[PDB]
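Chemist: When the letters of the sequence shown are read in order and numbered with the deposited numbering, they come out as residues 150 to 198.
Structure incoming, see below.
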Amino acid sequence: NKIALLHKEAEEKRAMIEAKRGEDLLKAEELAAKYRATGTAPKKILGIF
Numbered sequence: 150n151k152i153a154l155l156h157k158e159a160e161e162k163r164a165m166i167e168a169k170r171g172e173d174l175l176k177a178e179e180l181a182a183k184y185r186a187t188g189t190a191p192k193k194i195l196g197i198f
């Protein structure tokens with residue numbers, strides 16, 4: 150049924166968003182890696198800067 154297909158389309162969007170988020174989280178993992186190994190300004194304190 151099409152609505153279910155579109156509900157799926159919506160959830161594929163979700164999964165696409167969560168793909169971004171899963172990467173964004175990994176970008177924040179990178180941030181965690183960069184910020185941990187600062188080698189930079191306060192770019193690591195209590196958030197990001």
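Quick reminder that beta carbons are idealized off the backbone N, C-alpha and C, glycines included.
Quick one: Cα of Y184 to Cα of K193, how far?
Modeler: 4 Å
Chemist: Out of curiosity, what's the CA-to-CA distance linking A181 and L154?
Modeler: Near 38 Å, if we compare the C-alpha coordinates of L154 and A181.
Chemist: For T187, I'd like the list of residues in its chain whose CB is within less than 8 Å of its CB, leaving aside the five on either flank, ordered along the chain.
Modeler: Cβ within range, chain order: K193.
Chemist: Return the residue from the list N150, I152 and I197 that minimises the CA-CA distance to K176.
Modeler: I197
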